[PDB]
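First, one chain by itself in structure tokens, the form deposited without the partner chain.
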């Protein structure tokens, strides 16, 4: 008698799920569980779980959602259900490893075989680190070189279908909706908001992938807005398999461009994601400055007033404030906009730790998990990965060059809708008569800029230089 449990954490999908596929094989019963320990991230999650539950329902099964801590939950589940097999998608993240090692111990005690399969990343990250001699690579270029030395990527596992399940079944009681149902936002305590710009789930992910490949078959102002074929949140939650994406990308290139040796540039989004997971996996202090062996020690200031102005879009720099408003409202911003607000907060203008901007993004950004968010923030503040710090993004000019008309500003900061393009990125320079026509007095209706960028950035660039030896 083989009673199996698959434990969803990431990998919130039925396609390319090797762990769930292996767990079902030879099983007499299967139950899939999700254990629930910023409003936009919670909504996306719950929408992923609703979609998972729906698709399981098509297979005469159901998702089992449980509120609690895994170490306090699984031993009683093992006992009641007489479990002999538990499957998980491998989690490279350091605190995920530690959680999963505790569960593996509990599982062995209960006589439960633990199935673990890699499918959140393109590669076995431990193999990359071994090829590099026991440390992760500290430059992106070195990482790409190592990747080119890996064996060819694993093909996606077969999708879980009725045929796959076979005679394996799921016991269900009439009170499943009450006992094991996906909670609502209200039920978590949220005051609920218009429909999400980024709807969660595998079903959404797969249609987006197709249209993304069709479109793929150049920056501009429109790139700042959420794309209906954007894929990054679905990759972070596991709604979309990165290996399916990679394989589809390769196949399309070969058909369209008649070549079977594509560039590494083709997978740039996927590989930068892989780079940060590799860097993070053996470093439990990856998300800190102090005690983090790869992070340059930089004397950031503590400044809660300034941090709050940045976090809340009240800096008085419209380009910065609009980005942080779009982020709070919708949960995604363009990678160039991340550069802008990360440099402003850290090395550029406010000289505040990347750890504090990381905390804000963790609450708000749909595609930022522990490894990606920490790695990204160290990258953008020039704290690791040998990033260049001699240039500082201009919190007026970069936006003016990205959206010269200023529509993005007017869109996310309606209080500034009345300014002409001439002043939309620097409204403090607008004559009083313009401010009156705009019905926005700078310093009253919209804050004046919190710093003198030319002066602050000049000093911060010199200060960063003087950290290192002069030659």
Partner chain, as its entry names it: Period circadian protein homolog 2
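Positions refer to the first chain, counted from 1. The term rigid core refers to the maximal set of C-alpha atoms that superpose within 1.5 Å between the two forms.
There is also a form deposited with the partner chain bound; it is not shown, and the following applies to it.
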Problem - Non-hydrogen atom within 4.5 Å of the partner chain in the deposited complex for each of 295, 303 and 350 - result: yes
Completion exercise
Within 4.5 Å of the partner chain in the deposited complex, heavy atom basis, the matching stretch of 230-238, 114-122, 78-86, 342-350 is 342-350
Fill in the blank from the handout: in the deposited complex, the residue from 333, 360, 128, 368 with a non-hydrogen atom within 4.5 Å of the partner chain is 360
Practice task
Only one of 169, 155, 172, 308 comes within 4.5 Å of the partner chain in the deposited complex by heavy atoms, so just point that one out.
Solution key: 308
Exercise for the section: Check whether residue 445 has any heavy atom within 4.5 Å of a heavy atom of the partner chain in the deposited complex, and answer yes or no. Expected result: yes
Exercise for the section: May I ask you to state whether residue 137 is within 4.5 Å of the partner chain in the deposited complex, using heavy atom distances? Expected result: yes
Problem - Contact flag, residue 142 vs the partner chain in the deposited complex, heavy atom cut 4.5 Å - result: yes
Exercise for the section: Tell me, yes or no, whether residue 338 is in contact with the partner chain in the deposited complex, where a contact means a heavy atom of each within 4.5 Å. Expected result: no
Completion exercise
Near the partner chain in the deposited complex, with a heavy atom at 4.5 Å or closer, the residues from 383-407 are 385, 387, 388, 389, 390, 391
Completion exercise
The residue to pick from 49, 413, 438, 32, given a Cα shift of 2 Å or more between this form and the one not shown after core fitting, is 438
Practice task
Kindly check if the Cα atom of residue 68 is displaced 2 angstroms or more between this form and the one not shown relative to the superposed rigid core.
Solution key: no
Problem - Rigid core superposed: residue 95 CA moves 2 Å or more between this form and the one not shown - result: no
Practice task
Would you tell me if residue 388 moves between this form and the one not shown by 2 Å or more at its C-alpha, with the rigid core held superposed?
Solution key: yes
Handout entry: Comparison of CA distance in the deposited complex with shown form for residue 301, residue 387, at least 3 Å
Key = farther
Practice task
Explain in one word, closer or farther, how the Cα atoms of residue 389 and residue 298 are placed in the deposited complex relative to this form, where the distance changes by 3 Å or more.
Solution key: farther
